[PDB]
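> Following this: a sequence and the matching experimental structure.
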2 protein chains.
Amino acid sequence: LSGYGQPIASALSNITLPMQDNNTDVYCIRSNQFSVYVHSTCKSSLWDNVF
Amino acid sequence: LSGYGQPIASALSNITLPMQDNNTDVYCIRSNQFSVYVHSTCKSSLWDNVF
Ligand SMILES: *[C@@H]1O[C@H](CO)[C@@H](O)[C@H](O)[C@H]1NC(C)=O
Ligand SMILES: *[C@@H]1O[C@H](CO)[C@@H](O)[C@H](O)[C@H]1NC(C)=O
């Protein structure tokens, strides 16, 4: 929450790709067909970046 | 001063914005009118990156 009183989204938000070759930062499609989905979670802090 | 004798500007130059919400990296406007000013300073080094 900003000082003005409005929500501010942190730049410390994280993105988690599916596991592939012992990593979660690159994902390459290796099948014939695929679908994509987004699952989101939310957490709050108090200016100390401890969610 | 470079080895050729010419002035070189360091990438370790710093920019400081006004303080807002316990930070000086993001400053935004929360009033009806604003003005902007730039205040500059210069320091010298000797290839040791110590000014
Ligand atoms: C990938 O991770 C597994 C599980 O931790 C590990 O046992 C394995 O050695 C890793 N594979 C390779 C080829 O390094
Ligand atoms: C901002 O930082 C000060 C210390 O300079 C601290 O006392 C204060 O609680 C912080 N503000 C908030 C809203 O947590």
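Done, it's in. Numbering: from 1, shown residues only, chains lettered A, B, ... in the order given. Ligands and ions are numbered 1, 2, ... in the order given.
> Point me to the residue of chain A nearest chain B.
Nearest to chain B in chain A, going by CB to the nearest CB, is residue A:3, at a distance of 5.0 Å. Every residue, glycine included, has its C-beta placed from N, CA and C.
> That residue: neighbouring residues, count only.
Look at residue A:3: counted by other CB atoms under 10 Å in any protein chain shown, it has 11 neighbours.
> any idea how far it is from residue B:19?
Distance of residue A:3 to residue B:19, given as CB to CB, to the nearest Å: 11 Å.
> try residue A:22
On the measure of CB to CB, residue A:22 and residue B:19 end up 44 Å apart.
> Look at the two and report which has more neighbours.
Taking neighbours as other CB under 10 Å, residue A:22 and residue B:19 compare with residue B:19 leading, 9 against 5.
> Now that one. Nearest residue, chain neighbours left out?
Spatially, and ignoring its direct neighbours in sequence, residue B:19 is nearest to residue B:27 (8.0 Å; CB to CB, 6 or more residues apart in numbering or on different chains).
> doesn't residue B:21 make contact with the one you found?
No. Using CB atoms under 8 Å, residue B:27 makes no contact with residue B:21, being 9.3 Å away.
> Close to chain B: what parts of chain A are there?
With CB under 8 Å from any CB of the partner chain as the criterion, chain A meets chain B at residues A:2-4, A:47.
> can you name the two of those residues that are farthest apart?
By the measure CB to CB, A:4 and A:47 form the most distant pair in the residues of chain A next to chain B, at 13.3 Å.
> sorry, back to before: count the residues that sit near the residue nearest to residue B:19.
Residue B:27 is flanked by 13 other residues according to other CB under 10 Å.
> Return the residues in contact with it.
Applying CB atoms under 8 Å, 6 or more residues apart in numbering or on different chains, we find residue B:27 in contact with B:17-20.
> Can you tell me which of those end up in strands?
Counting by DSSP state E, none of the members of those fall within strands.
> Among those residues, name the buried ones.
Listed as buried from the contacts of residue B:27 are residue B:20; burial here means 16 or more other CB atoms under 10 Å in any protein chain shown.
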